[PDB]
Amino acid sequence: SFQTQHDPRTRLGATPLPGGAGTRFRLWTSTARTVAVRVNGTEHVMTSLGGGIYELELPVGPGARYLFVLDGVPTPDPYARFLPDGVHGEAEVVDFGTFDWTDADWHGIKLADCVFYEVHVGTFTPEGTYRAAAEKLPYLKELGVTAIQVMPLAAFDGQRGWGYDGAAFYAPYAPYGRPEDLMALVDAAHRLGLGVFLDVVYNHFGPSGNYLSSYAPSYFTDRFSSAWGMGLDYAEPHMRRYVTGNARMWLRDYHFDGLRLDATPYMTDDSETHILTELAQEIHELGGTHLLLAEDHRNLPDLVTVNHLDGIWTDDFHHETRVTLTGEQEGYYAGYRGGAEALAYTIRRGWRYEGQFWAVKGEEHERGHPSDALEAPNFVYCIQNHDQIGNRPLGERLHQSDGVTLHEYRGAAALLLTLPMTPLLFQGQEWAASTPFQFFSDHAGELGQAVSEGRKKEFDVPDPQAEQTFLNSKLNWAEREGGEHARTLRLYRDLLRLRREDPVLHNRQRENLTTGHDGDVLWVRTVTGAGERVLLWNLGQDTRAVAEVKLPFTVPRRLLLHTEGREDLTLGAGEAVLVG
């Protein structure tokens, strides 16, 4: 009996009318005294309906250009479905009914079947567009990933950016392509049997192009702040519906299979029904199989068990892994010892911090909650993602950090890709890409200068505002064809094939998973009715024979995969083997 709060009849923004009657324009404003729509250059006074609601229908169709005029001030539509001249410009009317979908036989993807591949549209290809990205879909399918995780697409200011400065949440960022180019990308992925997930940012708006306060200051609150401005007020139903409307758009209208909610700890809401709960209600009302993941550092199972999200990006695994390989201790890396015993524990528990004191200076508190309620697929694990690369001063990848070998990098892949937790890969990870993923932006004027200065002071650091920083982060596809890149790629292919094919690795129950260590050798054991598998990873500096590893069970004898392609059951420094 949950009823969506959304009715296409009353949708804010510009919506094509039935029977070729044109377009219905609607907005909410709490403060304007005069209200008009300017369509293709001509102003028309809008009708006041009460509650600050304004409406007008005109015989203009899809492609018409418009913005609103509030007390005589031309103001972009926060509900714009496309912004071909960027975030300060006219919106375009978009008709979602016109695209010829061919994906009727696609029915989404379960979390337990996801192997995520995180894509940044602007750097994934030379062109940095959906159309170029679509041409790489067969490669991704053959690689063995099953779900593309697309970094945010909401329009932001400038000609490149990560996407976290999104300001017009309903409008796909024009430099990447037109709405129909995005649809073409999703449709193509579905035809290849790949899921497509979108990163969405419901905890803040970017600093340039967010005009919501021009309509109603009450979308926001001074009670708390975001990175960029006033906090998003989830006590205000129009603010609630701005994001639930947006979620429903991406899933229903663009055929996304799921959403990754950025920084959920900062979606502050003291309402009886939390916004996260209402988001899950709203997306499920669509009557599909769409998923919701949270990027949440609190180690809080209630995200799944109470808000009814599907899973959580849980960095404890990532952090324990990186500290194991580098020994680094800056910032949140100080929360982890690393090493075989530490990794065994973190995997055993899903996340490490279940309520114990987090001693990181400046952040001290009792962090996390018991993980018992959560099942293996509920944890999303990785050894690389946009933040864990880009939030480093030089944006270097794991194999490029000081004191990491390619052997260790390959061992880390075997651990990640054989665990029953839901894995994510960052673009180019699979071939040990030579290119960094640096923080880049392209804000205007004083704001751009402030970003450059901010980055410099925070940590030569590449200037986020420089074109070179963006270009240096572009994938070099040709390099995967050779040398160690090709070697790494072969291993990734073999691992993803084993994950797909191996009847014991199909396990998705923490009940069947055990871990432990002998010195610097980590072991991870899976036992089901289909058989037994053991992953051994030598995290030491010396050579270890599998036969000499002390285990509380008899080690299986058949060598299924060795990260360095060795014939014998022996582990060089940093190497791993799967036995069965």
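Take the two forms, find the largest set of C-alpha atoms that superpose within 1.5 Å, and that set is the rigid core. When you see a residue number, it is the position in the sequence shown, counting from 1.
Legend entry - Core-aligned Cα RMS comparison in 8 other deposited structures of this protein - stretch that moves more, 208 to 216 or 222 to 230: Between 222 to 230 and 208 to 216, the one lying farther away in 8 other deposited structures of this protein is 222 to 230.
Legend entry - in 8 other deposited structures of this protein, rigid core aligned: more displaced of 446 to 454 and 465 to 473 by C-alpha RMS: Result of the core-fitted comparison in 8 other deposited structures of this protein: 446 to 454 deviates more.
Legend entry - Missing from the model but present in the deposited sequence, between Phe459 and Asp460: Gap size class: 4 to 9 residues without coordinates, per the record.
Inset, instruction - Select between 370 to 378 and 268 to 276 the stretch whose C-alpha atoms have the higher average B-factor in the entry. - result: Looking at the record's C-alpha B-factors, the answer is 268 to 276.
Inset, instruction - Tell me which of 227 to 235 and 143 to 151 has the higher mean C-alpha B-factor in the deposited entry. - result: On average, C-alpha B-factors are higher across 227 to 235.
Legend entry - Selection from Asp502, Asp199, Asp187, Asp113 [criterion: highest C-alpha temperature factor in the record]: Most elevated C-alpha B-factor of the set, per the entry: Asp502.
Legend entry - Highest recorded Cα temperature factor - choice among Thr98, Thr405, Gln429, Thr129: In this record, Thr98 carries the highest C-alpha B-factor of the candidates.
Legend entry - Chain-wide C-alpha B factor ranking for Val524, given as lowest, middle or highest third: Lowest third.
Inset, instruction - Could you tell me which third, lowest, middle or highest, the C-alpha B-factor of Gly258 occupies within its chain? - result: As the PDB entry reports it, the C-alpha B-factor of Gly258 lands in the lowest third of its chain.
Legend entry - Third of the chain, ranked by Cα B-factor, where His517 sits: Middle third - that is where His517 ends up once the chain's C-alpha B-factors are sorted.
Legend entry - CA B-factor placement of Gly52, once the chain's modelled residues are sorted into thirds: Lowest third - that is where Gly52 ends up once the chain's C-alpha B-factors are sorted.
Inset, instruction - Would you please rank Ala545 by its C-alpha temperature factor against the other modelled residues of its chain and give the third it falls in: lowest, middle or highest? - result: Highest third.
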